[PDB]
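See below for the structure under consideration.
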Amino acid sequence: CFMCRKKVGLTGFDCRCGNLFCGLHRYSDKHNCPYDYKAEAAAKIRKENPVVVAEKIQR
Amino acid sequence: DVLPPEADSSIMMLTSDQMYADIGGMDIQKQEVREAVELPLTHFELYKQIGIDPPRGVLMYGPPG
Amino acid sequence: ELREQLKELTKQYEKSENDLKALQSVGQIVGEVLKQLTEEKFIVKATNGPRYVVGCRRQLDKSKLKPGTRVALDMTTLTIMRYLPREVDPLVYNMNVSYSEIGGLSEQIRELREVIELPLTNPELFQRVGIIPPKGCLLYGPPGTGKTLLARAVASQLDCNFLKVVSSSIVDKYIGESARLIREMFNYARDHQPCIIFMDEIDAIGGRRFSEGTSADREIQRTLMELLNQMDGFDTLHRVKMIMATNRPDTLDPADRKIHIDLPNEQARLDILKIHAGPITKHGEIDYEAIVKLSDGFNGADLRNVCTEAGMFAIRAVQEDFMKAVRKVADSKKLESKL
Amino acid sequence: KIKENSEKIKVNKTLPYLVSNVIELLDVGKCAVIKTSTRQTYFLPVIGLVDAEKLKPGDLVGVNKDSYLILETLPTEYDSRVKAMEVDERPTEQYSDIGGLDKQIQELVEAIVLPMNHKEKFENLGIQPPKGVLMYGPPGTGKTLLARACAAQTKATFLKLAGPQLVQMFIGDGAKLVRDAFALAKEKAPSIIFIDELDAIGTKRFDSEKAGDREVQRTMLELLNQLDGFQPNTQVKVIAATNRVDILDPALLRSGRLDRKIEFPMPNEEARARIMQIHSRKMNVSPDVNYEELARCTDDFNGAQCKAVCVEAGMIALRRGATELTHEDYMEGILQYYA
Amino acid sequence: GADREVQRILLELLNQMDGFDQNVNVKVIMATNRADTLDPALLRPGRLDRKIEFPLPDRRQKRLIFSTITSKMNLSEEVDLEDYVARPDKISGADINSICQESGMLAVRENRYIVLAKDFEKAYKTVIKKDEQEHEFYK
Ligand SMILES: Nc1ncnc2c1ncn2[C@@H]1O[C@H](COP(=O)(O)OP(=O)(O)OP(=O)(O)O)[C@@H](O)[C@H]1O
Ligand SMILES: Nc1ncnc2c1ncn2[C@@H]1O[C@H](COP(=O)(O)OP(=O)(O)OP(=O)(O)O)[C@@H](O)[C@H]1O
């Protein structure tokens, strides 16, 4: 239920700030969404990243 | 042991069915089928005498219905 | 708690002893007899495939069992223990409800009933002996005219056995068995003489008698051919009724009783929309005049759409809004525009 | 000694309870007609350690390979790896981050979730929830986006489309995959079925090119059956996805089958700006951006191209290890005579 | 493929109905409706098969078929079958039986006790014709 429009629409899109934004004001650029999008990107990419170890080390 | 000739899945009771006299017309097919399969099975001598061998198989081919 | 504890223990004893007794009864082998060989000798082809000759326990009334009857032979000696009736495994499936709650289809419902239900009723021939009433009916229908709902209604109305079957009966085990399933169906019906079999989507299997098409085409046409043979032919029926529902390109199945089902509706469109407005009154004006004036297609799901979205509207702010129902009418019609 | 009975029942129920079908039930007490993997047919006068009533023709039950007594039944099985494909590790994305598309998400979220959670409104209104949904992704832009974002509800399961055309040349089958899929959806709690690339199936249904075609038509007709037959199918939610919008089956089309055919349009300048912003949210963007003017430069840059461009910009800046947008090397990442 | 199995059974049938030699009291009969799509190998023109047609009826055949089918039916003095048959049409025997059955179905609908020319005409319409699109320009 975002301050602009005081919207309560069931369609309300519920963001990482848990807030059913106005249909037109659902974007972080618009509402200063206080979330660490870039930090989460770094963590996820580090987790999912494939690295070639060259398959030479052996017991 | 050698069982009686029969000993397999098939139909022999005829399940009854419906004596002719009811198909209606179709005289040509009636005569042909009756001769080929029905009586008189005696005319085999006429077949061999004429030299024309006994027909077997009819194939009854025609439009559906 | 003496009596209660004793009762509970006794119940446990009873159940446990019954279970132990149950655990000590091996099964049989199911197989159909083939010939009454002399008196105490029968040739039985066990379902697993081998064919045997065995003698039967005395208390079996040898007259009962006959070529084709099923029996349960024993494990070790394989003596006929108990004869069984016919067998139909994957058909409990084939055996909601509605009572003329569809709207329209007056003449066609009358025709279908008078062809499929009335003859089975007590007015069996009543001098009508000359008819041999029709054994099959067809339901020319575009996608949703009211075919499946009609089937539901007749199934709930007649109250006899019903076998709703679909062209998705095709199976393959490095060989064909569709015809075998078909003959199972027909045998089931013939045993349950009072019955309504209902093929639907006969287009697929009906196909066409394409020659040199492919192994698939030959198999499909063979399945069709089983249908034809068991509809007509030596499998002549007396008390079953067949239903079909698909488009025109169906091989060659004339005779019967084909009925056209028209997608548009004259004023039973108004009817259908009233039935679909059956949901709770809108708290005021109930006239449908708005949607009445313009209407095309065949569905009432427009009613569900309008009602749901108007409930959403009301929550945002009853639904006395036929001016709003015309909205979802326009929505369905734009879907029509799409196709 | 009831306990001792139980333990000895258990031990004689060793373990490898060879599993067998429950093909038929009868009575004379009740019995069983079980069938086994090794094609065989055992009548059991004593069914075994089962109530003999919960059974129903068609079921998998453990059995003692020698006694042939139905031991502990097992939950039904689903073949063709329908169960294996019908898994989902709760797609990580939680928000509906798509872009300008708002009406599409509105209607889809309403028609899907609201029945699931706030079915109270629907029941109060006396309305069956909205009918099966289609979702035109003509270019694919946002198609899987909406699907995956919808994969963020409280809890449910999503049946992806994955090779329903897995049919053997030798006739194959009428989408046994579809049969098992709908069975699993029916048996489990509220479930959803994402028919991806539905275009792979569906057609005018009359073209008579060659084999494989006809198999696709049986699979299509099986789909139609699964939701239009004598079945309420209340506890199901089908959502279809296609790009060849025009060429599709007129019956599969809609009105009880695929209604509310949401449409995905070409993103406008605002939509392109929003999507690029969404993909840049995690991007290490410097405090200077012309997002709107980049959207203007897009010039029909509808699809994931925005995401691809943000990635290419990341790599471009990474040539030199920077965190800023040139805004024109960005166009060259985008991608004589006169002039 | 399974074409192997089907052809195998085909040739087995051929060889076996050959094993039925002449001077025999086993007579083989088979239906095929349409024929053209049949094996001359199966026909084995030398022997194992003689061929017979089974076409649609002639006018006299239609008269006889109508008389036979309708004798069991409770007709009326206003039947006019001798002209119903005379009508030109491509009706087949199944079509005649359908005519009689649907005429009776009407008769019953309106609770008739004896079928009437009106019911036969209605059955004629409901079971025969329906064929058009021979647009006058199209021809
Ligand atoms: N004439 C009708 N009256 C009322 N509801 C109808 C009618 N026709 C269809 N419906 C609605 O549509 C659904 C049933 O569709 P219907 O029985 O018409 O399909 P069908 O004609 O068998 O379809 P298809 O030809 O595409 O296989 C139910 O929601 C039923 O309420
Ligand atoms: N509006 C959008 N918001 C976010 N990502 C999008 C958007 N449009 C496309 N994408 C990107 O597209 C990819 C997902 O594909 P998408 O859902 O667009 O289907 P598609 O592959 O184009 O479908 P089709 O099979 O119809 O061609 C992901 O990279 C996603 O980031």
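Lettering and numbering for the structure tokens are positional, with chains as A, B, ... in the shown order, residues counted from 1 in each chain, and ligands counted from 1 in the shown order.
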
Any idea what's packed within 9 Å of residue 20 of chain A, counting only C-alpha atoms, ignoring anything in its chain fewer than 3 positions away? Could you give it as number ranges by chain?
A: 1-2, 7-15, 17, 23, 26

Take the residues from that selection and put them in a file with C-alpha atoms, as a compact mmCIF listing (two decimals), in the first residue's frame.
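After the write, part.txt holds the following:
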```
# COMPACT_ATOMS: atom_id res chain seq x y z
CA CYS A 1 0.00 0.00 0.00
CA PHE A 2 2.32 2.71 -1.31
CA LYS A 7 -3.34 2.03 -3.37
CA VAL A 8 -4.70 -1.22 -1.92
CA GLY A 9 -5.17 -3.12 -5.17
CA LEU A 10 -5.09 -6.90 -4.91
CA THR A 11 -2.92 -6.80 -8.02
CA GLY A 12 -0.52 -4.70 -5.94
CA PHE A 13 3.00 -5.85 -6.73
CA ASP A 14 4.75 -6.79 -3.49
CA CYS A 15 8.42 -5.81 -3.58
CA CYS A 17 10.27 -3.88 0.78
CA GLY A 23 0.93 0.06 -10.51
CA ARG A 26 6.59 -0.28 -8.46
```

Backbone-only DSSP, strand (DSSP E) members of segment 71-178 of chain C, as a PyMOL selection string
chain C and resi 71-73+80-84+136-140+161-166

Now that the selection is made, can you save its residues with C-alpha atoms as an mmCIF file, in the first residue's frame?
```cif
data_model
loop_
_atom_site.group_PDB
_atom_site.id
_atom_site.type_symbol
_atom_site.label_atom_id
_atom_site.label_comp_id
_atom_site.auth_asym_id
_atom_site.auth_seq_id
_atom_site.Cartn_x
_atom_site.Cartn_y
_atom_site.Cartn_z
ATOM 1 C CA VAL C 71 -12.229 -70.441 -13.646
ATOM 2 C CA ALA C 72 -9.664 -70.312 -10.848
ATOM 3 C CA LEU C 73 -7.286 -73.268 -11.057
ATOM 4 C CA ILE C 80 -10.774 -76.107 -11.362
ATOM 5 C CA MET C 81 -11.752 -74.708 -7.960
ATOM 6 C CA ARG C 82 -14.306 -71.980 -8.687
ATOM 7 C CA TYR C 83 -15.856 -70.629 -11.858
ATOM 8 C CA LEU C 84 -16.128 -66.866 -12.193
ATOM 9 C CA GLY C 136 -26.485 -45.202 -32.392
ATOM 10 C CA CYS C 137 -26.701 -41.415 -32.445
ATOM 11 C CA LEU C 138 -24.307 -38.692 -33.618
ATOM 12 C CA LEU C 139 -23.710 -35.151 -32.385
ATOM 13 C CA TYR C 140 -22.348 -32.862 -35.124
ATOM 14 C CA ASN C 161 -25.053 -48.001 -17.081
ATOM 15 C CA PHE C 162 -22.884 -45.478 -18.920
ATOM 16 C CA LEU C 163 -19.499 -45.984 -20.604
ATOM 17 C CA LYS C 164 -17.954 -42.660 -21.650
ATOM 18 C CA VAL C 165 -15.017 -43.587 -23.881
ATOM 19 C CA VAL C 166 -12.580 -41.428 -25.803
#
```

Check every residue of chain C for an atom within 9 Å of chain E, counting only C-alpha atoms, and provide those that qualify as a PDB file with N, CA, C and O atoms, in the first residue's frame.
```
ATOM      1  N   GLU C 111     -35.193 -35.199 -29.703  1.00  0.00           N
ATOM      2  CA  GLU C 111     -34.814 -36.264 -30.627  1.00  0.00           C
ATOM      3  C   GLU C 111     -33.886 -37.267 -29.955  1.00  0.00           C
ATOM      4  O   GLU C 111     -34.091 -38.485 -30.048  1.00  0.00           O
ATOM      5  N   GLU C 114     -35.885 -39.391 -27.413  1.00  0.00           N
ATOM      6  CA  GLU C 114     -36.780 -40.332 -28.069  1.00  0.00           C
ATOM      7  C   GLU C 114     -36.023 -41.418 -28.814  1.00  0.00           C
ATOM      8  O   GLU C 114     -36.604 -42.464 -29.117  1.00  0.00           O
ATOM      9  N   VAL C 115     -34.747 -41.197 -29.120  1.00  0.00           N
ATOM     10  CA  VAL C 115     -33.976 -42.233 -29.795  1.00  0.00           C
ATOM     11  C   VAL C 115     -33.266 -43.169 -28.820  1.00  0.00           C
ATOM     12  O   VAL C 115     -33.124 -44.360 -29.110  1.00  0.00           O
ATOM     13  N   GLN C 127     -46.632 -51.961 -30.417  1.00  0.00           N
ATOM     14  CA  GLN C 127     -46.909 -52.034 -31.849  1.00  0.00           C
ATOM     15  C   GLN C 127     -45.751 -51.491 -32.688  1.00  0.00           C
ATOM     16  O   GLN C 127     -45.744 -51.693 -33.901  1.00  0.00           O
ATOM     17  N   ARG C 128     -44.749 -50.868 -32.086  1.00  0.00           N
ATOM     18  CA  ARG C 128     -43.602 -50.333 -32.806  1.00  0.00           C
ATOM     19  C   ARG C 128     -42.634 -51.418 -33.247  1.00  0.00           C
ATOM     20  O   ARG C 128     -41.518 -51.099 -33.660  1.00  0.00           O
ATOM     21  N   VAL C 129     -43.047 -52.688 -33.185  1.00  0.00           N
ATOM     22  CA  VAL C 129     -42.153 -53.807 -33.475  1.00  0.00           C
ATOM     23  C   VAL C 129     -41.352 -53.583 -34.749  1.00  0.00           C
ATOM     24  O   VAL C 129     -40.236 -54.096 -34.887  1.00  0.00           O
ATOM     25  N   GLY C 130     -41.893 -52.821 -35.693  1.00  0.00           N
ATOM     26  CA  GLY C 130     -41.258 -52.715 -36.988  1.00  0.00           C
ATOM     27  C   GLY C 130     -39.998 -51.881 -37.032  1.00  0.00           C
ATOM     28  O   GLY C 130     -39.388 -51.785 -38.100  1.00  0.00           O
ATOM     29  N   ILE C 131     -39.575 -51.289 -35.919  1.00  0.00           N
ATOM     30  CA  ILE C 131     -38.495 -50.310 -35.981  1.00  0.00           C
ATOM     31  C   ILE C 131     -37.127 -50.953 -35.793  1.00  0.00           C
ATOM     32  O   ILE C 131     -36.192 -50.646 -36.533  1.00  0.00           O
ATOM     33  N   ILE C 132     -36.972 -51.848 -34.824  1.00  0.00           N
ATOM     34  CA  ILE C 132     -35.633 -52.189 -34.358  1.00  0.00           C
ATOM     35  C   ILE C 132     -34.958 -50.861 -34.044  1.00  0.00           C
ATOM     36  O   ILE C 132     -34.116 -50.401 -34.827  1.00  0.00           O
ATOM     37  N   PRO C 133     -35.310 -50.205 -32.942  1.00  0.00           N
ATOM     38  CA  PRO C 133     -34.947 -48.791 -32.757  1.00  0.00           C
ATOM     39  C   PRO C 133     -33.477 -48.545 -33.038  1.00  0.00           C
ATOM     40  O   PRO C 133     -32.659 -49.476 -32.993  1.00  0.00           O
ATOM     41  N   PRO C 134     -33.100 -47.302 -33.324  1.00  0.00           N
ATOM     42  CA  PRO C 134     -31.697 -47.019 -33.638  1.00  0.00           C
ATOM     43  C   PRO C 134     -30.790 -47.418 -32.489  1.00  0.00           C
ATOM     44  O   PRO C 134     -31.139 -47.272 -31.317  1.00  0.00           O
ATOM     45  N   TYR C 174       4.558 -53.445 -29.168  1.00  0.00           N
ATOM     46  CA  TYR C 174       5.121 -54.022 -30.389  1.00  0.00           C
ATOM     47  C   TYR C 174       4.050 -54.803 -31.146  1.00  0.00           C
ATOM     48  O   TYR C 174       4.350 -55.806 -31.803  1.00  0.00           O
ATOM     49  N   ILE C 175       2.804 -54.348 -31.053  1.00  0.00           N
ATOM     50  CA  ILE C 175       1.648 -54.980 -31.675  1.00  0.00           C
ATOM     51  C   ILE C 175       0.437 -54.127 -31.321  1.00  0.00           C
ATOM     52  O   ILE C 175       0.532 -53.177 -30.539  1.00  0.00           O
ATOM     53  N   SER C 211      -4.705 -45.832 -47.795  1.00  0.00           N
ATOM     54  CA  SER C 211      -3.956 -47.016 -48.188  1.00  0.00           C
ATOM     55  C   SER C 211      -2.485 -46.666 -48.355  1.00  0.00           C
ATOM     56  O   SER C 211      -2.144 -45.583 -48.840  1.00  0.00           O
ATOM     57  N   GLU C 212      -1.618 -47.586 -47.946  1.00  0.00           N
ATOM     58  CA  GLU C 212      -0.174 -47.409 -48.046  1.00  0.00           C
ATOM     59  C   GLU C 212       0.307 -46.190 -47.270  1.00  0.00           C
ATOM     60  O   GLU C 212       1.369 -45.637 -47.571  1.00  0.00           O
ATOM     61  N   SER C 215       2.415 -47.801 -41.028  1.00  0.00           N
ATOM     62  CA  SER C 215       1.988 -48.765 -40.020  1.00  0.00           C
ATOM     63  C   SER C 215       0.993 -48.139 -39.057  1.00  0.00           C
ATOM     64  O   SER C 215       0.022 -48.783 -38.640  1.00  0.00           O
ATOM     65  N   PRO C 254     -22.489 -44.578 -41.955  1.00  0.00           N
ATOM     66  CA  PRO C 254     -23.917 -44.281 -42.116  1.00  0.00           C
ATOM     67  C   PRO C 254     -24.796 -45.415 -41.624  1.00  0.00           C
ATOM     68  O   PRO C 254     -24.302 -46.400 -41.068  1.00  0.00           O
ATOM     69  N   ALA C 255     -26.101 -45.285 -41.820  1.00  0.00           N
ATOM     70  CA  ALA C 255     -27.025 -46.364 -41.509  1.00  0.00           C
ATOM     71  C   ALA C 255     -28.300 -46.202 -42.321  1.00  0.00           C
ATOM     72  O   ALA C 255     -28.318 -45.488 -43.324  1.00  0.00           O
ATOM     73  N   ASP C 256     -26.130 -43.973 -36.821  1.00  0.00           N
ATOM     74  CA  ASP C 256     -27.416 -43.470 -37.291  1.00  0.00           C
ATOM     75  C   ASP C 256     -27.866 -42.281 -36.455  1.00  0.00           C
ATOM     76  O   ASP C 256     -27.246 -41.964 -35.444  1.00  0.00           O
ATOM     77  N   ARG C 257     -28.941 -41.624 -36.881  1.00  0.00           N
ATOM     78  CA  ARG C 257     -29.523 -40.507 -36.140  1.00  0.00           C
ATOM     79  C   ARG C 257     -28.461 -39.452 -35.829  1.00  0.00           C
ATOM     80  O   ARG C 257     -28.020 -39.271 -34.697  1.00  0.00           O
ATOM     81  N   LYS C 258     -28.006 -38.803 -36.894  1.00  0.00           N
ATOM     82  CA  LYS C 258     -27.063 -37.703 -36.775  1.00  0.00           C
ATOM     83  C   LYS C 258     -27.826 -36.411 -36.517  1.00  0.00           C
ATOM     84  O   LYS C 258     -28.818 -36.122 -37.194  1.00  0.00           O
TER      85      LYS C 258
END
```

Residues near residue 277 of chain C, anyone? I mean within 12 Å using only C-alpha atoms, not counting same-chain ones fewer than 5 positions away, as number ranges by chain.
C: 270-272, 282, 286-288, 291, 300-307, 319-320, 322, 325; D: 125-128

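Environment of ligand 1, defined as every protein or nucleic acid residue with an atom within 6 Å of it and counting only C-alpha atoms and all ligand atoms, comprises residues 102, 103, 141, 142, 143, 144, 145, 146, 147, 148, 149, 272, 298 and 299 of chain C; 251 and 256 of chain D.
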
Filtering to C-alpha atoms, could you give me those residues as a PDB file, in the first residue's frame?
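New file out.pdb:
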```pdb
ATOM      1  CA  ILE C 102     -28.434 -26.244 -20.158  1.00  0.00           C
ATOM      2  CA  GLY C 103     -30.947 -24.182 -22.128  1.00  0.00           C
ATOM      3  CA  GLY C 141     -20.815 -30.118 -33.020  1.00  0.00           C
ATOM      4  CA  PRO C 142     -18.403 -27.208 -33.190  1.00  0.00           C
ATOM      5  CA  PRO C 143     -16.116 -26.759 -30.180  1.00  0.00           C
ATOM      6  CA  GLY C 144     -18.544 -26.245 -27.303  1.00  0.00           C
ATOM      7  CA  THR C 145     -22.067 -26.117 -28.713  1.00  0.00           C
ATOM      8  CA  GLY C 146     -23.119 -28.169 -25.668  1.00  0.00           C
ATOM      9  CA  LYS C 147     -22.025 -31.716 -26.499  1.00  0.00           C
ATOM     10  CA  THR C 148     -20.205 -32.809 -23.343  1.00  0.00           C
ATOM     11  CA  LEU C 149     -22.729 -31.114 -21.067  1.00  0.00           C
ATOM     12  CA  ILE C 272     -27.935 -19.895 -20.859  1.00  0.00           C
ATOM     13  CA  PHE C 298     -21.527 -20.308 -27.059  1.00  0.00           C
ATOM     14  CA  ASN C 299     -20.037 -19.878 -23.571  1.00  0.00           C
TER      15      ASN C 299
ATOM     16  CA  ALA D 251     -11.336 -26.324 -30.049  1.00  0.00           C
ATOM     17  CA  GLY D 256     -14.126 -23.800 -21.393  1.00  0.00           C
TER      18      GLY D 256
END
```

For chain E, list the residues within 10 Å of chain B, counting only C-alpha atoms, and write the list as a ChimeraX atom specification.
/E:17-18,20-36,43,47-58,60-69,91-95
